[PDB]
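The structure file my_file_17.cif is reproduced below (mmCIF, C-alpha atoms and all ligand atoms).
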data_target
#
loop_
_atom_site.label_atom_id
_atom_site.label_comp_id
_atom_site.auth_asym_id
_atom_site.auth_seq_id
_atom_site.Cartn_x
_atom_site.Cartn_y
_atom_site.Cartn_z
CA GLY X 453 29.64 51.03 75.07
CA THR X 454 27.87 52.27 78.19
CA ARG X 455 28.16 56.01 77.43
CA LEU X 456 28.96 56.31 81.14
CA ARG X 457 30.65 59.71 80.84
CA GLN X 458 27.79 61.21 78.83
CA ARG X 459 25.25 59.79 81.28
CA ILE X 460 27.01 61.30 84.29
CA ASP X 461 27.08 64.69 82.52
CA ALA X 462 23.38 64.36 81.67
CA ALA X 463 22.50 63.42 85.26
CA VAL X 464 24.24 66.53 86.60
CA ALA X 465 22.72 68.73 83.89
CA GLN X 466 19.19 67.45 84.53
CA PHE X 467 19.22 67.40 88.33
CA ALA X 468 21.60 70.13 89.54
CA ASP X 469 19.80 73.15 90.94
CA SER X 470 20.65 76.18 88.80
CA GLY X 471 21.75 78.09 91.91
CA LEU X 472 24.63 75.68 92.53
CA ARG X 473 28.02 75.80 90.87
CA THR X 474 28.97 72.34 89.63
CA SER X 475 32.22 70.59 88.76
CA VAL X 476 32.28 67.14 87.12
CA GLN X 477 35.56 65.21 86.98
CA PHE X 478 36.37 61.80 85.51
CA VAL X 479 39.52 59.78 86.23
CA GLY X 480 40.60 56.44 84.83
CA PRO X 481 39.31 53.97 82.23
CA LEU X 482 35.56 54.56 82.31
CA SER X 483 35.21 52.25 79.30
CA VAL X 484 36.09 49.22 81.46
CA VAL X 485 32.95 49.60 83.60
CA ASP X 486 30.23 47.09 82.72
CA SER X 487 26.59 47.88 81.97
CA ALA X 488 25.23 47.01 85.42
CA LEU X 489 27.84 49.11 87.23
CA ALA X 490 27.37 52.02 84.83
CA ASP X 491 23.63 51.91 85.60
CA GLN X 492 24.41 52.08 89.32
CA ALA X 493 26.82 54.99 88.84
CA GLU X 494 24.23 56.98 86.88
CA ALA X 495 21.55 56.30 89.50
CA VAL X 496 23.90 57.27 92.34
CA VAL X 497 24.75 60.59 90.71
CA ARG X 498 21.10 61.29 89.87
CA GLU X 499 20.05 60.63 93.46
CA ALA X 500 22.90 62.57 95.08
CA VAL X 501 22.58 65.61 92.84
CA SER X 502 18.79 65.77 93.04
CA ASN X 503 19.02 65.94 96.85
CA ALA X 504 21.40 68.92 96.83
CA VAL X 505 19.56 72.17 97.61
CA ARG X 506 20.45 75.85 97.91
CA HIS X 507 22.26 76.99 101.05
CA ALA X 508 22.29 80.41 102.68
CA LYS X 509 25.58 81.15 100.90
CA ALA X 510 26.66 80.27 97.38
CA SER X 511 27.84 76.66 97.26
CA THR X 512 29.63 74.23 94.96
CA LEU X 513 28.66 70.63 94.18
CA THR X 514 31.50 68.47 92.86
CA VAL X 515 30.99 65.07 91.22
CA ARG X 516 34.08 62.88 90.78
CA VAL X 517 33.89 59.48 89.08
CA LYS X 518 37.07 57.43 89.34
CA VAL X 519 38.01 54.00 88.02
CA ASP X 520 41.07 52.65 89.84
CA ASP X 521 41.11 49.46 91.87
CA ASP X 522 37.30 49.79 91.86
CA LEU X 523 34.62 52.19 90.68
CA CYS X 524 34.17 55.06 93.10
CA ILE X 525 31.92 58.12 93.01
CA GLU X 526 32.50 61.08 95.30
CA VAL X 527 29.94 63.88 95.53
CA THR X 528 31.16 66.83 97.59
CA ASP X 529 28.90 69.68 98.71
CA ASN X 530 30.61 72.61 100.42
CA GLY X 531 27.31 74.06 101.63
CA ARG X 532 26.72 74.36 105.36
CA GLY X 533 23.88 74.58 107.84
CA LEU X 534 21.55 71.88 106.43
CA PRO X 535 21.91 68.75 108.59
CA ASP X 536 18.76 67.25 107.03
CA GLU X 537 20.23 67.49 103.51
CA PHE X 538 20.92 64.02 102.03
CA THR X 539 19.14 62.16 104.88
CA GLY X 540 15.97 61.33 102.93
CA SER X 541 14.79 58.23 101.11
CA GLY X 542 17.64 58.78 98.65
CA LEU X 543 20.04 57.62 101.33
CA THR X 544 18.17 54.31 101.57
CA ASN X 545 18.38 54.09 97.77
CA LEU X 546 22.14 54.70 97.77
CA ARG X 547 22.71 52.12 100.51
CA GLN X 548 20.50 49.59 98.73
CA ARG X 549 22.48 49.96 95.51
CA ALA X 550 25.78 49.57 97.37
CA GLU X 551 24.53 46.25 98.76
CA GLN X 552 23.21 45.27 95.31
CA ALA X 553 26.65 45.92 93.80
CA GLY X 554 28.65 44.30 96.61
CA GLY X 555 30.14 47.71 97.35
CA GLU X 556 30.12 50.36 100.07
CA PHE X 557 28.67 53.78 100.78
CA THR X 558 29.70 56.59 103.13
CA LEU X 559 27.95 59.84 104.05
CA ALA X 560 30.39 62.13 105.86
CA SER X 561 30.06 65.69 107.09
CA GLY X 567 30.81 70.33 103.92
CA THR X 568 29.21 66.98 103.08
CA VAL X 569 30.78 64.14 101.10
CA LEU X 570 28.92 61.16 99.64
CA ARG X 571 31.14 58.29 98.53
CA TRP X 572 29.82 55.21 96.73
CA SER X 573 32.13 52.45 95.54
CA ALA X 574 31.80 48.99 94.05
CA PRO X 575 34.27 46.36 92.83
CA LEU X 576 34.91 45.86 89.14
CA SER X 577 34.29 42.34 87.90
CA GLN X 578 37.49 40.38 87.30
ZN ZN J 601 23.84 71.19 99.78
ZN ZN J 602 38.17 53.83 93.63
#

This structure in C-alpha cells:
Amino acid sequence: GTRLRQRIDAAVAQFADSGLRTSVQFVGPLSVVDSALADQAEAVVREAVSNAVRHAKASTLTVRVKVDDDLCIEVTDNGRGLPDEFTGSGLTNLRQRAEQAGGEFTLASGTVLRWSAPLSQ
C-alpha cells in the first residue's frame, strides 16, 4: 500500500509550526489512491503546511483529505492579516503538480487551499 494516511500525518507533524493548532481529517477510501497520486498528495500537504506561519492571534490549520469522485485536499487556515502568506514559490509548485496530475488547484481567501486530481479509472 501507499501508507497515504500515515504520510499525511507525518507531513503535518514535520512541517506544522508548533504555535499553530492543527486538525487532520480523512474521508473516503484512501486505499484506492495510486502511488503517483499519493506522492502528489503528500507533497501538496508538505508544501501547504510548511508555508503556514504564526499570525497575530492564535490560529488553526486544518488539513482534509477526501476520496470521493476524485482525490481532493483542502487546507484551511483561519489566520488573518497576512496577504503574502501562501504566495511564494510553493504556489508555483502546487500549480505545477495540479497540471502534472491533470487536476486543479484553488487558492481562496481565512485562507483555503484546495488541490484535486482525478482518480484513474
Ligand atoms: Zn497562516
Ligand atoms: Zn473530491

- Task: Residues within 6 Å of ligand ZN 601 (chain J) should be enumerated using all atoms listed in the file and returned as a list in words.
- Result: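 For ligand ZN 601 (chain J), the residues inside 6 Å are residues 504, 505, 529 and 531 of chain X.
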
- Neighbours of residue 547 in chain X within 10 Å (only C-alpha atoms; same-chain residues fewer than 4 positions away dropped), as a PyMOL selection string? chain X and resi 496+542-543+551-553+555-559+572

- So which residues are close to (22.5, 59.6, 90.5), meaning at most 12 Å away in the file's coordinates with all atoms listed in the file counted, and can you show them as a PyMOL selection string? chain X and resi 456+459-468+490-504+515+517+525-527+542-543+545-546+549+570-572

Sorted by chain and rising residue number, which residues of chain X lie within 7 Å of ligand ZN 602 (chain J), and what are their closest atom pairs and distances in Å to one decimal, counting all atoms listed in the file, as a Markdown table?
| residue | atom | partner | partner_atom | distance |
| --- | --- | --- | --- | --- |
| X:518 | CA | J:ZN602 | ZN | 5.7 |
| X:519 | CA | J:ZN602 | ZN | 5.6 |
| X:520 | CA | J:ZN602 | ZN | 4.9 |
| X:521 | CA | J:ZN602 | ZN | 5.6 |
| X:522 | CA | J:ZN602 | ZN | 4.5 |
| X:523 | CA | J:ZN602 | ZN | 4.9 |
| X:524 | CA | J:ZN602 | ZN | 4.2 |
| X:573 | CA | J:ZN602 | ZN | 6.5 |

- Tell me, as number ranges by chain, which residues lie within 10 Å of residue 530 in chain X, counting only C-alpha atoms; anything in the same chain fewer than 6 positions away does not count. X: 507, 509-514, 561, 567-569

- How many Å lie between CA of residue 537 in chain X and CA of residue 560 in chain X, rounded to one decimal? 11.7 Å

- Message: Report, in Å with one decimal, the straight-line distance from CA of residue 516 in chain X to CA of residue 482 in chain X.
- Response: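 Straight-line distance from CA of residue 516 in chain X to CA of residue 482 in chain X works out to 12.0 Å.
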
- State, in Å with one decimal place, the distance from CA of residue 550 in chain X to CA of residue 469 in chain X.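 Interatomic distance here is 25.2 Å.
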
- Which is closest to residue 453 in chain X among X:483, X:544, X:477, X:470, if we use all atoms listed in the file? X:483

- Item | Nearest-residue call for residue 475 in chain X, choices X:574, X:528, X:533, X:489, using all atoms listed in the file |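 Answer, going by the shortest atom-to-atom distance: X:528.
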